[PDB]
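Undergrad:
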Ligand SMILES: Nc1ncnc2c1ncn2[C@@H]1O[C@H](COP(=O)(O)OP(=O)(O)OP(=O)(O)O)[C@@H](O)[C@H]1O
Ligand SMILES: Nc1ncnc2c1ncn2[C@@H]1O[C@H](COP(=O)(O)OP(=O)(O)OP(=O)(O)O)[C@@H](O)[C@H]1O
Ligand SMILES: Nc1ncnc2c1ncn2[C@@H]1O[C@H](COP(=O)(O)OP(=O)(O)OP(=O)(O)O)[C@@H](O)[C@H]1O
Ligand SMILES: Nc1ncnc2c1ncn2[C@@H]1O[C@H](COP(=O)(O)OP(=O)(O)OP(=O)(O)O)[C@@H](O)[C@H]1O
Ligand SMILES: Nc1ncnc2c1ncn2[C@@H]1O[C@H](COP(=O)(O)OP(=O)(O)O)[C@@H](O)[C@H]1O
């Protein structure tokens with residue numbers, strides 16, 4: 159007559175992935191992309207003070 | 232204008248080209264003015280699909296030559312997704328910008344833009360799904376649909392999808408107005424097989440690099456079961472067998488006969504070895520039939536001849552008439568007389584497009600429900616080609632008859648009984664050949680009403696027929712073959728063995744003691 | 107000075123251009139250059155690293171002789187090693203095989219002009235032998251692998267182009283554990299004068315953030331495509347080896363994870379091995395123990411074309427493995443003269459390729475322990491003791507008791523079945539054993555009689571199984587197996603069916619096989635009260 | 216120090232021949248001690264010159280199994296902390312499994328890199344590294360047997376298989392495992408090259424019982 163055939167229900171697991179804040183944007187965001195123009199200024203101090211020391 | 236369909240390498244698939252051309256691009260041949268006056272919209276969505284290794288990617292790559300203007304964009308499915316929140320959704324709705332702008336500006340003069348997603352099934356799984364991770368996999372598809380259905384009058388876009396498995400995809404892409412036409416691309420025929428050889432073998436042929444000995448038609452005939460992919464694989468195997476005769480890899484160093492390089496040439500036997508290396512997943516491997524009959528037919532008597540002619544009569548019968556769309560026959564006789572082989576002989580001689588056999592060996596080891604399923608699978612499949620030959624072997628064994636109870640499995644018996652009475656769908660004909668060895672049992676279950684005609688196959692009894700088979704086996708010398716029969720005549724004239732046992736005894740005696748004292752002895756004990 | 111090696115056989119010259127603003131784009135013919143070199147400069151002595159100013163049609167050059175071959179008159183073949191040492195010199199002749207390669211500056215458009223010569227960086231290193239790999243046994247599969255894969259890269263390219271063919275780009279190895287399927291990958295990686303392999307362990311791709319896993323699997327080809335777009339065919343081979351593939355690349359469509367990562371990586375790899383764009387200079391290796399879970403699509407030709415099976419070695423291979431493992435020991439005179447390797451190979455019936463090494467280790471361990479005596483008798487270490495260490499045969503005999511096979515686990519049952527001994531209290535037994543031997547021989551010699559079955563019957567307690575075991579043991583066949591009720595006890599019915607099916611299936615590997623079935627009656631659950639018994643097992647056996 | 220011409224034993228020896236079995240404090244089990252010390256540690260006392268002349272790599276695995284409450288953890292702990300080696304990296308049973316999609320298998324990868332780097336830096340004069348798997352039989356089950364709708368049973372096993380004996384060699388670690396049931400561990404973990412020496416620890420003999428009373432009191 160009868161027996162077993164399909165059984166369980168209460169039993170499962172799940173992993174979990176993750177995205178990230180957008181503002182993050184490219185690494186260049188404050189104190190990163192400005193270092194290009196901040197360097198020309200610093201080269202200006204170096205120079206103007208080279209005039210100073212000479 | 233500078234085109235014709237012949238000039239490109241896709242072999243075999245001509246009908247599909249006609250269908251796709253007629254469905255996709257015909258409407259945009261004419262000046263626009265007709266079509267609005269014709270009140271018909273253009274098709275926007277296209278699906279190409281087929282099993283692995285059919286050539287689809289070659290079509291997607293090449294079609295950009297025929298299709299004027301500039302270039303369809305290409306993307307891979309998994310490239311779209313992205314790390315930043317919101318970037319992935321942006322990416323899809325970044326593709327449509329150019330055509331949108333140009334169209335929006337110029338109206339209907341817009342050049343037709345094509346976009347092709349290779350490997351569509353990567354991310355467009357059925358959006359009404361669960362698993363409840365981060366919901367990006369939903370947002371993405373929604374985005375496309377928004378840009379694809381409510382296009383806001385963008386009528387210069389054809390999106391082409393390539394896949395290996397249709398089923399995975401959201402049904403919400405498979406509807407009118409979105410991926411209307413779905414083109415199935417299945418394995419090539421024999422003629423297409425020949426064209427595939429033609430196209431693959433072009434260059435090597437012009438340059439006088441293959442020996443004239445080779446003849447493509449027979450190679451095409453042999454390779455019954457191959458996709459194009461395997462065909463170029465076989466080509467390179469053959470070429471490699473050619474190349475490896477000068478350069479002796481491993482042994483010694485690189486010894487190049489600079490002279491023989493100019494004379495390098497492939498040949499037929501190389502191709503045979505190449506065949507021996509590769510193996511399709513085509514999988515049906517109906518060569519099963521020939522291994523069944525590997526012991527062969529020696530035609531030792533007239534009875535076999537009469538039976539064969541009767542089989543020929545039936546195959547002609549089913550081939551010719553249109554009202555006889557189903558014929559079944561039963562073949563019965565003593566065990567070991569040899570029955571399956573004879574049916575196989577009929578089948579192989581028939582030469583219909585379509586054959587398979589069912590035998591307990593392939594059935595072995597499943598559970599009952601799986602048996603039932605398999606049997607159903609095979610019958611339903613058989614109904615497709617116009618003319619079909621199908622063989623059922625050792626019914627009693629398939630039903631698990633054992634005389635103790637007697638016990639046996641009813642369900643399979645019922646399935647077979649019902650199946651044997653099914654007239655196929657319209658304009659198909661079928662020939663079903665069943666063999667057994669326990670006739671009385673079949674009588675008593677009373678399923679004998681489902682067989683149109685029955686054939687008996689008595690085993691052999693006369694010493695002359697023994698003489699025939701043994702001369703065929705080249706058992707001994709002539710005097711030997713005479714003396715043994717003379718001795719057997721008086722030793723035991725009444726005689727009833729079969730055939731299989733005779734071969735077995737012949738071999739045993741051949742090795743051990745091919746004088747009388749062993750073969751005749753075993754034959755007497757058996758008899 | 108040289109004695110005999112007085113001629114210049116083959117000379118490879120890095121032809122830098124003199125002045126790099128003058129770079130002439132016109133094709134430079136190696137034949138014209140060789141002829142000019144010989145004509146203008148004849149019967150001179152040249153050494154490696156001699157620099158030269160070559161004025162050809164007003165386009166000067168800085169010729170550097172990278173290497174020189176020195177050959178004596180009478181050498182039909184140039185078997186003399188091309189010597190990079192400055193000491194070697196020769197006298198230029200009209201027969202010097204002058205090869206030009208581009209200079210360090212790479213500015214010269216040199217051409218092969220019917221130069222049936224080794225390709226510029228022919229990877230396989232023209233003089234190379236299988237014995238130098240260090241892999242015992244498996245002397246046939248190397249033929250298949252090297253013939254199918256690397257046979258076409260060596261040959262000059264123009265002719266291959268005439269064939270109108272593309273190189274293979276896949277290679278797979280599979281088998282049971284410990285057979286030596288990792289050694290090959292390593293030495294192929296290391297011995298082939300290619301770039302360094304880019305090793306990846308199996309589940310090393312996957313990554314936390316969504317969309318970082320796939321990114322990683324397409325960073326591996328980046329250098330290849332970068333190079334290919336530039337130098338085209340004259341690329342040197344890139345090789346990347348996947349270890350243990352089936353971890354990630356399962357059949358897509360299952361419910362493996364609940365996230366949907368495996369599909370994506372499968373998709374990316376599939377798209378990239380063949381894809382829309384052509385690479386034609388890449389090779390991927392794989393290893394695994396189960397061939398059945400790989401997604402089918404990978405196996406279509408164009409991707410993982412050639413598939414090679416690695417199985418357990420035979421006796422000859424066993425001898426070879428002992429030859430390779432116990433190599434340094436012998437040549438360092440640390441080995442007793444008494445051990446004979448053939449007997450060792452004979453004893454180790456079902457040993458795999460990874461077990462012999464443990465045997466060596468154990469044998470040595472006994473030797474060293476005799477000296478040190480860890481624990482009680484400490485501090486005996488002294489020069490005299492360690493100055494005469496040698497392993498002895500009985501150490502190996504002792505070592506056999508520690509290492510035990512893994513596949514040869516069912517024959518032990520057979521040898522213990524006759525623990526009671528055997529006695530020949532009657533003539534009859536001799537007749538029976540003789541008849542069995544006759545049949546065994548018969549199956550051995552024949553070709554067409556591929557299946558023979560026998561039965562033994564008699565009263566209970568008559569000592570039947572032992573007789574069969576003795577018949578079986580004396581055959582010497584590679585493959586022997588036994589199925590008895592002891593094995594199947596406690597299982598469930600379906601498991602029994604599966605087990606028997608598997609046993610028959612793996613009995614189809616070796617050319618010659620012997621299989622023994624004990625007490626059929628009990629296998630099928632016969633009890634006469636009903637009688638009752640299980641039909642399914644019966645039918646399975648009857649079919650099989 | 217420097218190795219003189221005379222073949223004296225290693226400068227920074229591991230075992231220190233002023234060593235004795237009665238120092239451990241484990242009574243009863245005696246022959247098994249002999250076996251373990253013979254097979255595993257012997258190779259590391261003799262001078263490297265000969266042992267490299269002997270072209271054999273040291274064994275890199277140990278397995279202990281037996282009924283509950285017999286002394287397994289005692290053996291592991293004692294061997295841990297009376298040798299001359301760095302501190303062992305203990306891990307309890309299901310410590311490896313982690314949340315995010317790729318954190319568990321990174322966690323297996325974390326265990327070995329220190330020995331790896333130090334081996335690259337110096338070579339054959341490395342100090343030994345010890346890592347202890349407590350209770351191996353939780354996660355390392357046979358592949359393909361559990362449905363494992365959550366696919367951690369295969370990724371973990373594969374990672375460990377690849378990394379204990381892989382394409383790159385490493386011969387200065389020692390991994391030791393404890394369990395109650397060796398019948399369910401994957402079979403590929405029990406071949407020579409990984410967990411070579413396996414030892415059963417059984418119930419004590421009467422004389423062993425006397426020894427245990429002597430130790431405790
Ligand atoms: N004239 C012949 N008639 C029948 N079989 C022949 C003949 N000549 C050779 N044979 C071979 O003899 C063998 C006996 O046939 P087969 O092996 O099918 O036995 P069978 O009687 O069907 O066995 P079973 O009783 O198990 O169904 C086959 O290999 C068959 O090809
Ligand atoms: N010819 C040979 N065949 C087999 N093993 C060899 C051979 N020569 C040396 N060996 C030694 O035996 C070992 C074989 O194991 P290998 O490195 O192939 O792992 P494996 O067999 O791939 O095991 P798994 O498949 O579980 O990774 C090698 O580590 C090597 O040291
Ligand atoms: N011809 C023989 N001469 C001497 N000893 C024998 C002989 N045959 C069997 N034996 C010994 O007698 C024992 C045989 O017992 P075994 O259980 O094999 O007999 P069996 O009848 O097959 O078993 P069962 O009683 O279950 O049917 C073994 O210990 C074997 O060593
Ligand atoms: N042979 C022994 N010699 C000395 N002490 C022992 C011995 N066996 C057990 N003990 C004592 O038993 C205590 C617990 O032993 P241990 O923790 O090894 O048991 P176990 O085998 O780890 O049990 P489980 O397998 O349940 O963890 C130890 O602290 C030790 O003092
Ligand atoms: N007529 C043809 N039919 C099928 N395949 C062909 C044909 N001509 C060439 N081929 C080769 O077969 C391969 C087809 O691969 P394809 O089936 O597109 O892979 P997938 O199905 O995974 O996209 C290509 O490499 C192609 O060059």
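Residue numbers (PDB author numbering), protein chains in the order written: chain K, 159 to 212; chain E, 232 to 758; chain D, 107 to 650; chain C, 216 to 432.
Heads up, the beta-carbon is just placed ideally off N, CA and C, and yes, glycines get one too.
Closer than 9 Å, Cβ to any Cβ of chain C: which residues of the region 165-180 of chain K, in chain order?
TA: Residues passing the 9 Å Cβ filter: 169, 170, 171, 172, 173, 174, 175, 176.
Undergrad: Can you tell me the Cα-Cα spacing of residue 684(E) and residue 559(E), whole angstroms?
TA: Position 453 of the second chain, counted from the first residue, corresponds to residue 684(E). Position 328 of the second chain, counted from the first residue, corresponds to residue 559(E). Looking at the two C-alpha atoms, the distance is approximately 7 Å.
Undergrad: Does residue 316(C) have its Cβ less than 7 Å from a Cβ in chain K?
TA: Here the question's residue 316(C) lines up with position 101 in the fourth chain. It does; some Cβ of chain K falls within 7 Å.
Undergrad: Would a check of beta-carbon distances place residue 331(C) closer than 7 Å to chain D?
TA: Looking up residue 331(C) in the fourth chain gives position 116. No, residue 331(C) lies away from the interface with chain D (no Cβ there is under 7 Å from its Cβ).
Undergrad: For a quick check, are the C-beta atoms of residue 419(E) and residue 243(E) less than 7 Å apart?
TA: Here residue 419(E) corresponds to residue number 188 of the second chain, with the count starting at 1. Here residue 243(E) corresponds to residue number 12 of the second chain, with the count starting at 1. Yes, the pair counts as a contact, with Cβ atoms nearer than the cut-off.
Undergrad: Establish whether the CB of residue 298(D) and some CB of chain E are separated by less than 7 Å.
TA: Taking the first residue of the third chain as 1, we reach residue 298(D) at position 192. Residue 298(D) does not count as touching chain E.
Undergrad: Can you name the start and end residues of the beta strand (DSSP E) that residue 120(D) belongs to?
TA: For the purposes of this step, residue 120(D) is taken as residue 14 along the third chain, with counting starting at 1. It spans 113-123 - the beta strand (DSSP E) in which residue 120(D) sits, taken as one unbroken run.
Undergrad: Given that residue 581(D) touches chain E, what residues does it touch there, using C-beta distances under 7 Å?
TA: Residue numbering aside, residue 581(D) sits at position 475 when the third chain is read from its first letter. Here the premise fails: no neighbours, minimum Cβ distance about 18 Å.
Undergrad: Exposed or buried, what is residue 344(C) when buried is set at 16 or more other beta-carbons lying within 10 Å of its beta-carbon?
TA: By 1-based counting over the fourth chain, the position of residue 344(C) is 129. Buried: at least 16 other Cβ atoms inside 10 Å.
Undergrad: With a threshold of 16 other CB atoms inside 10 Å of the CB of residue 375(C), please say whether the residue is buried or exposed.
TA: For the purposes of this step, residue 375(C) is identified with residue 160 of the fourth chain, where counting begins at 1. Buried, since its Cβ has 16 or more Cβ neighbours within 10 Å.
Undergrad: Quick one: what does DSSP say residue 157(D) is sitting in, helix, strand or coil?
TA: Taking the first residue of the third chain as position 1, residue 157(D) is located at position 51. DSSP places residue 157(D) in strand when its eight states are reduced to three.
Undergrad: Between residue 224(C) and chain D, is the shortest Cβ-Cβ distance under 7 Å, so that the two count as touching?
TA: Translated into positions along the fourth chain, residue 224(C) becomes position 9. It does; some Cβ of chain D falls within 7 Å.
Undergrad: Considering residue 662(E), what are the terminal residues of the beta strand (DSSP E) in which it resides?
TA: Within the second chain, numbered from 1, the residue matching residue 662(E) stands at position 431. From DSSP, the beta strand (DSSP E) with residue 662(E) extends over 660-667.
Undergrad: Anything in chain K within Cβ reach of residue 369(D), meaning under 9 Å, just list it in chain order.
TA: The sequence position of residue 369(D) within the third chain is 263, counting from 1. What residue 369(D) touches in chain K: nothing, since even the nearest Cβ is about 14 Å away.
Undergrad: Is it the case that the CB of residue 305(E) approaches a heavy atom of ligand 5 more closely than 6 Å?
TA: Taking the second chain and counting its residues from 1, the one referred to as residue 305(E) is at position 74. Checking every heavy atom of ligand 5 against the Cβ of residue 305(E), none is found closer than 6 Å.
Undergrad: Going by DSSP, which residues form a beta bridge with residue 166(K)?
TA: As a first step, residue 166(K) is located in the first chain; it is residue number 8 there, counting from the start. None, per the DSSP bridge assignment.
Undergrad: From residue 416(D) to residue 287(D), what does the alpha carbon distance come to, in whole angstroms?
TA: For this step, residue 416(D) is matched to residue 310 along the third chain. For this step, residue 287(D) is matched to residue 181 along the third chain. Looking at the two C-alpha atoms, the distance is approximately 7 Å.
Undergrad: Measure the C-alpha to C-alpha separation of residue 250(E) and residue 400(C) and round it to an integer number of angstroms.
TA: Residue numbering aside, residue 250(E) sits at position 19 when the second chain is read from its first letter. Residue numbering aside, residue 400(C) sits at position 185 when the fourth chain is read from its first letter. C-alpha separation (whole angstroms): 58 Å.
Undergrad: Looking at the C-beta of residue 510(E), does it have a partner C-beta in chain D at a distance below 7 Å?
TA: Position 279 of the second chain, counted from the start, is the residue given in the question as residue 510(E). No, its Cβ sits nowhere closer than 7 Å to a Cβ of chain D.
Undergrad: Given a threshold of 16 other Cβ atoms within 10 Å of its Cβ, counted over all protein chains shown, does residue 233(E) qualify as buried or as exposed?
TA: What you label residue 233(E) is simply residue 2 of the second chain in a count that begins at 1. Exposed, by the Cβ-count rule.
Undergrad: I need the DSSP call for residue 344(D), collapsed to helix, strand or coil.
TA: Numbered from its first residue, the third chain carries residue 344(D) at position 238. Note: residue 344(D) maps to strand in three-state DSSP.
Undergrad: Indicate the three-state DSSP secondary structure (helix, strand or coil) for residue 322(E) in the structure shown.
TA: The residue labelled residue 322(E) in the question sits at position 91 within the second chain. DSSP, reduced to helix, strand and coil, places residue 322(E) within a helical segment of the structure shown.
Undergrad: Given 6 Å as the limit, tell me if residue 564(E) has its C-beta closer than that to any heavy atom belonging to ligand 1.
TA: Start at 1 with the first residue of the second chain, and residue 564(E) comes out as number 333. It does not: the Cβ of residue 564(E) is nowhere closer than 6 Å to a heavy atom of ligand 1.
Undergrad: How would you call residue 467(E), buried or exposed, if buried means at least 16 neighbouring beta carbons within 10 angstroms?
TA: By 1-based counting over the second chain, the position of residue 467(E) is 236. When all chains shown are included, residue 467(E) counts as buried.
Undergrad: Strictly under 7 Å for the Cβ-Cβ distance: is residue 442(E) near chain D by that measure?
TA: Numbered from its first residue, the second chain carries residue 442(E) at position 211. Chain D contact via Cβ: absent.
Undergrad: Between 168(K), 161(K), 194(K), 172(K), which lies nearest to residue 314(C) when the distance is taken from Cα to Cα?
TA: Position 99 of the fourth chain, counted from the start, is the residue given in the question as residue 314(C). Among 168(K), 161(K), 194(K), 172(K), the Cα nearest to that of residue 314(C) is on 172(K).
Undergrad: Can you list, in chain order, the residues of its chain with a C-beta nearer than 6 Å to that of residue 254(E)? Leave out the 5 residues immediately preceding and following it.
TA: As a working mapping, residue 254(E) is identified with position 23 in the second chain. Within the same chain, 412 come within 6 Å of residue 254(E) by CB-CB distance, once the 5 residues on both sides are set aside.
Undergrad: With the cut-off set at 7 Å, would you say residue 222(D) and residue 492(E) are in Cβ contact?
TA: Sequence index remark: in the third chain, residue 222(D) carries index 116 (1-based). Sequence index remark: in the second chain, residue 492(E) carries index 261 (1-based). Going by C-beta atoms, residue 222(D) is nearer than 7 Å to residue 492(E).
Undergrad: Along chain C, which residues have their Cβ under 7 Å away from the Cβ of residue 466(D)?
TA: The residue you call residue 466(D) lines up with position 360 of the third chain. What residue 466(D) touches in chain C: 271.
Undergrad: When you compare the region 518-531 of chain D with the region 476-489 of chain D, are there three or more beta-carbon pairs, one atom per stretch, that lie closer than 8 Å?
TA: no
Undergrad: Taking just the CA atoms, how far does residue 675(E) sit from residue 555(E)?
TA: The residue given as residue 555(E) occupies position 324 in the second chain. The residue given as residue 675(E) occupies position 444 in the second chain. Answer to the nearest angstrom: the Cα atoms are 29 Å apart.
Undergrad: Please report the residue range of the alpha helix (DSSP H) in which residue 713(E) lies.
TA: To locate residue 713(E), count along the second chain from 1; it is residue 482. Start and end: 709-722.
Undergrad: Does residue 277(D) come out as helix, strand or coil in the three-state DSSP assignment?
TA: Against the third chain, residue 277(D) aligns to sequence position 171. In the structure shown, residue 277(D) sits in a strand (DSSP, three-state: E or B).
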